[PDB]
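Worksheet: one structure, shown below.
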Amino acid sequence: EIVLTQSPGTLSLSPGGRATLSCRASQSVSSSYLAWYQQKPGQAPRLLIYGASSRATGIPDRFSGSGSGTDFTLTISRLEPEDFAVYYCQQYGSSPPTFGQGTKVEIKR
Amino acid sequence: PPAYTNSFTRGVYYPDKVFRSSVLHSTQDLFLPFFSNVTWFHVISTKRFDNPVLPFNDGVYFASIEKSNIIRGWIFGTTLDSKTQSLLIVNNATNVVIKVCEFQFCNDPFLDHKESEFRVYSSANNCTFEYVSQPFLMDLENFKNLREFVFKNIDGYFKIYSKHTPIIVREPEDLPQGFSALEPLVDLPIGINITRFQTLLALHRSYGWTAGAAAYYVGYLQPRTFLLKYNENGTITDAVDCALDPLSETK
Amino acid sequence: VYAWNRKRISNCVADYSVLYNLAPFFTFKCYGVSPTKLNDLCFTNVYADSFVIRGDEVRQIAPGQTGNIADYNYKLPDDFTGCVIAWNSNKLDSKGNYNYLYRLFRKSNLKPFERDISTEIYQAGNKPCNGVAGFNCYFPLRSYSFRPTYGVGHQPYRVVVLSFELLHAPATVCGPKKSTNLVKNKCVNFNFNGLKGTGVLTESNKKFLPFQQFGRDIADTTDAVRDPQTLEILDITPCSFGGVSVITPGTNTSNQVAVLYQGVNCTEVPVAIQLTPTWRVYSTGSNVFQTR
Amino acid sequence: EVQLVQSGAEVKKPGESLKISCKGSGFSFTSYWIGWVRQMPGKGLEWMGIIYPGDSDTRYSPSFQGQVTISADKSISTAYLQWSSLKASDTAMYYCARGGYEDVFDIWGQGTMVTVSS
Ligand SMILES: *[C@@H]1O[C@H](CO)[C@@H](O[C@@H]2O[C@H](CO)[C@@H](O)[C@H](O)[C@H]2NC(C)=O)[C@H](O)[C@H]1NC(C)=O
Ligand SMILES: *[C@@H]1O[C@H](CO)[C@@H](O[C@@H]2O[C@H](CO)[C@@H](O)[C@H](O)[C@H]2NC(C)=O)[C@H](O)[C@H]1NC(C)=O
Ligand SMILES: *[C@@H]1O[C@H](CO)[C@@H](O)[C@H](O)[C@H]1NC(C)=O
Ligand SMILES: *[C@@H]1O[C@H](CO)[C@@H](O)[C@H](O)[C@H]1NC(C)=O
Ligand SMILES: *[C@@H]1O[C@H](CO)[C@@H](O)[C@H](O)[C@H]1NC(C)=O
Ligand SMILES: *[C@@H]1O[C@H](CO)[C@@H](O)[C@H](O)[C@H]1NC(C)=O
Ligand SMILES: *[C@@H]1O[C@H](CO)[C@@H](O)[C@H](O)[C@H]1NC(C)=O
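Protein chains in written order, with the numbering used here: chain A, 15 to 123; chain B, 2 to 252; chain C, 71 to 362; chain D, 103 to 220.
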C-alpha cells in the first residue's frame, strides 16, 4: 500500500550517538501506527518499534518511537552493535504492509 | 389579482387501482367542484411571476399550460422554514429529487432553467426521506402541453394524481372543457404535515430574471360524491357530480 | 462501547436465519420477542449497535443488569426489544491491541438508550479535575487491551445490539414472505399479495391499466388481478358450487334414489364432490345425463 | 514456547510445487495471529499475506494472491506453503513472521533461503 522509505539508506555514524530514521510515506498515515522493523544482521528481523510513536514491547529506553504522518522519524538516542544493522519501517495499521528502504550504521570500509 | 375561472369538468382522478369495467361506481372523495371558481395566475416575461405561499388545505388541483417548463416542481410544508421539514419537487433532467428535509427557504426561490438550487433550500439539515426516479414531467417537452396535478397527503403518505395532455389552442386562456382522469403516479411514504403550498419557480436570468410564457391555475378540492362511469377498458370517460345541480342529484 | 454506533435500518427484506447459523454467533438471544417469530414479524426504524465486549463484563451490561460499564459506557433499560447478538472477535482484537478504549470512570450514570460521544473524566473528588485523569479524577475510557492473553480471559466478542423500533411507523424491515408458486385451471386457495381467497384461476384476456392491479366486478368480488410475480393477468373464478336434489319413488316403492346436481356441468362433477363427499356419488357407470 | 522454525535453504529445480514448512509451537493459532513474508535476495522483504491459523485461513498479499498458494495446519503446527509452482524467479528468502492486520513481527521463521535453480 503506502510506500515507506526511511532516509538514509545507511547512516554511517559512530556508535553511541543519537540518530533518527525519517521514513517517507507516499500517503500520510498516522492511523497506521506503523510497525518499525529492525532487521537483525543476517538474522530474523525484530520489530524495531510498533505504534509509530509508541515504543516496542521490551525495547530499550534508547529506542524511542517518534514521527507520524508522511514522515516517521524514529529517534535512537544511543547507537549499539544492534543499531549497526538494517532497519525497516513497516505499516502496522495499514494492510499490505510495505518494508522500508533500510538504514545501516558504519564507520570504515 | 386572482383571475377566477370556472373549472368546467376538471380535476377528476382515479380513486384506486381497481379495474372496473362498464360499472357506475360512486365514491365520496376529496374532489374539485364541477364548474368551480379557480384562481388563475399568469406568468409572462419587470417580472409578472407570482410565488405566493398559498395554503395547501386538504388538496390542490395544479395545472400548467406552459410550452417550456418555467415552473418546475413545488414546495410543500407546514411553515416552510429551516425548522420545518418540507418536501421538495424539481424536474431537473431525469430526476424528481423528492427530498424531505428541514430546509431553509429563500425569500424568492428560483432555479436556473439554463444552478440556483442551493439558495432555494439553504439548510439541508435533518434529511429523512429521499426518493429519485424518472422526472414527473414525463410528458414531451402549434400546441402547448398541459400538466395537471392533484396533491394529497394522508395515512403517512403523500398521494399525487396527474395527467399530461397537449392543448392545441391558447385563445381560451382557460382550462379546456374535456374529461380526463389523473392517473396515480407515485405514493410517497413520507408523513410530514403540510399546511401551506409554494410553487417552485425556475428563473435563471434575463432570458434580472425573465422567462417564457406560462399560466398556472390552482384550485382547492372538497369532499364530494361522484358517479364515475368506467368503460369496458376501465377508463373513466366521464363523470357526474350530484352536488352541482338538482338534475345531477337525480342521476 | 462508550461511543457505540446507533444505526437505522429501513426498506429491508431481512432473513435472520443466517445470523443464527454461524457457530461464533452463539448468542442471538432476544429479550424482546422469540427469534422464530422474529423472522416473520415486521418492524420499522431498526436500531443496530456496534461495540466491543470482553464477555466477562457483558453480564453486567446485559439488559436487566447494570455494571460500571453499563453505568458509564451504555445504559440499557431492563426491558430490551430485539436481540443481543454476540460473536467472538477473539482474533481481530488480540494483538497488543488497546485502541477501543471504553468508558468506565465517568462522573454520573447515563440515561438508557444513550450513547456518550464525548469522554467525561470522573469528577470524583472535591479537588478539581484539571489535568485529565489524576488525583480524585479518573479517565473514563479504559483501553480494551485485548491480546492473545486477553483472548482467553475477557474473550473478545464482536457484539451487535438489535433493538427494533416496534413498528411505530409503517414497518420497513422484515423477512421473506409469499413463498408458494401459482397454478392454473385448478380450484386452489390463493394469497396473492396477501389477498386471501379460494377459486379457479385462469389467465385474464381483459386488459388492466398500468396502475390498476386488482379487478372488481359489479358485485365487488375479485375477478382479475395482475400477478405479483409477473405482469401476466389472472382471472379468478369461484370454485364450483351447487345444491343437491334427491329423486325417490317412495321408501316403500324400493330404496333406489336419483341425485340431481342443480346448475353444474356434468364433466365438472367427479364422485369426489370437497363438500358432501361422503356419498359415493354412484359411479360413471351409472347413467349420467346432462340437463338444462 | 512461541518459536517458529521454517524450512531450510534448498536448491530447487525451477517448475515444481513445493510446500515449505514453518513449525509452530507453544501458542493457540486462533489466539496468536500468524503472517507470511518473503525477502527476495538483497532488498526489503515482500508481504505474502496474513493467515488466520485457527481456521488456517490465509488471505494472501494482493501482489502474491494466486501467485503463491499458502496453506498451514493448526493441528500439526506446521505450515505447508504450496507457493503455486516454485519457479526460478521465486528464489528468495522466506520468513515465517507471525502477524495480523497489525502486521507485528511476533516470531519469524529461521529463514528459507530457497534458491530455485537446477
Ligand atoms: C438538478 O438539481 C438536482 C438538485 O437540485 C440535482 O439532481 C442530480 O441529478 C443527477 C443526475 O441527473 C444525480 O446526481 C442526482 O439525481 C442528483 N444529485 C443530487 C440530488 O445531489 C442536480 O444538481 C441537477 N441535475 C442535473 C444537472 O442533471
Ligand atoms: C380499449 O381496449 C381494447 C383492447 O385493448 C381496444 O380494442 C382493440 O385494441 C387493439 C390494440 O389496442 C386494436 O388493434 C384493435 O383493433 C382494437 N379492437 C377494437 C374492437 O377496438 C380499444 O381500442 C381500446 N379503446 C376503446 C375506446 O375501446
Ligand atoms: C368568482 O367569484 C367572484 C366573486 O367571489 C366573481 O366575481 C367571479 O365572477 C367568479 N368567477 C367566475 C364566475 O368565473
Ligand atoms: C429576495 O428578494 C429580493 C428581491 O429582489 C432578492 O434579493 C432575491 O430575489 C431574494 N433573495 C435572495 C437571497 O435570493
Ligand atoms: C429529523 O430526522 C430524524 C431521523 O432522520 C427524524 O426521526 C425526525 O423526525 C426529524 N425531525 C426532527 C425535528 O427531529
Ligand atoms: C405532523 O406529522 C407527525 C408525523 O409526521 C404527526 O405525529 C403529528 O401529529 C402531525 N401534526 C399535526 C397533524 O398537527
Ligand atoms: C307405503 O309405505 C308405507 C310405510 O312405509 C306402507 O305401510 C305401505 O304399505 C306402502 N304402500 C305401498 C303401496 O307400497
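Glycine is no exception: its CB is placed at the ideal position from the N, C-alpha and C atoms.
Residue environment, residue i, which counts as buried when at least 16 other CB atoms sit within 10 Å
i, result
"residue 1(B)", "For residue 1(B) there is no data in the structure shown, the boundaries of chain B being 2 and 252."
"residue 193(B)", "buried"
"residue 336(C)", "exposed"
"residue 178(B)", "exposed"
"residue 342(C)", "exposed"
"residue 204(D)", "buried"
"residue 67(B)", "buried"
"residue 148(D)", "buried"
"residue 34(B)", "buried"
"residue 181(B)", "buried"
"residue 104(A)", "buried"
"residue 50(A)", "buried"
"residue 87(B)", "buried"
"residue 36(B)", "exposed"
Inter-residue Cα distance where the pair is residue i and residue j
i, j, result
"residue 208(C)", "residue 191(B)", "47 Å"
"residue 76(C)", "residue 65(A)", "29 Å"
"residue 106(A)", "residue 168(D)", "24 Å"
"residue 40(B)", "residue 78(C)", "44 Å"
"residue 134(C)", "residue 111(C)", "24 Å"
"residue 332(C)", "residue 280(C)", "40 Å"
"residue 215(C)", "residue 116(B)", "52 Å"
"residue 215(D)", "residue 142(C)", "54 Å"
"residue 34(A)", "residue 79(A)", "10 Å"
"residue 10(B)", "residue 330(C)", "56 Å"
"residue 93(A)", "residue 99(A)", "10 Å"
"residue 360(C)", "residue 339(C)", "11 Å"
"residue 194(C)", "residue 211(C)", "15 Å"
"residue 271(C)", "residue 306(C)", "5 Å"
Cutoff 8 Å: residue i Cβ touching any chain A Cβ
i, result
"residue 211(D)", "yes"
Cβ of residue i within 8 Å of any chain D Cβ
i, result
"residue 160(C)", "yes"
"residue 41(A)", "no"
"residue 116(A)", "yes"
"residue 167(C)", "yes"
"residue 164(C)", "yes"
"residue 111(A)", "yes"
"residue 69(A)", "no"
Closer than 7 Å: residue i CB and nearest ligand 5 heavy atom
i, result
"residue 97(C)", "no"
"residue 106(C)", "no"
Minimum Cβ-Cβ distance from residue i to chain B less than 8 Å
i, result
"residue 282(C)", "yes"
"residue 197(C)", "no"
Test: residue i CB closer than 8 Å to a CB of chain C
i, result
"residue 74(B)", "no"
"residue 160(D)", "no"
"residue 177(D)", "no"
"residue 133(D)", "yes"
"residue 19(B)", "yes"
"residue 154(B)", "no"
"residue 130(D)", "yes"
"residue 235(B)", "yes"
"residue 131(B)", "no"
Contact test: residue i Cβ vs ligand 3 heavy atom, cutoff 7 Å
i, result
"residue 62(B)", "no"
"residue 5(B)", "yes"
"residue 38(B)", "yes"
Cβ-heavy atom distance, residue i to ligand 7, below 7 Å
i, result
"residue 321(C)", "yes"
Distance cut-off 7 Å: residue i Cβ against heavy atoms of ligand 1
i, result
"residue 96(B)", "yes"
Cβ-heavy atom distance, residue i to ligand 4, below 7 Å
i, result
"residue 109(B)", "yes"
"residue 206(B)", "no"
Checklist line | Cβ pair count under 8 Å reaching 3, the segment 233-240 of chain B against the segment 65-72 of chain B | finding: no
Check: Is it true that the segment 127-147 of chain B meets the segment 38-52 of chain B, where meeting means three or more beta-carbon pairs spaced less than 8 Å apart?
Finding: no
Notebook entry, point to check: Counting Cβ pairs, one atom from each stretch, are 3 or more of them under 8 Å apart for the segment 12-27 of chain B and the segment 158-173 of chain D?
Noted result: no
Notebook entry, point to check: Taking one C-beta from the segment 81-89 of chain C and one from the segment 230-248 of chain C each time, how about it: are there three or more such pairs within less than 8 Å?
Noted result: yes
Margin query: Under 8 Å, with one C-beta from each stretch per pair, do the segment 122-129 of chain C and the segment 258-265 of chain C reach the 3-pair mark?
Written below: no
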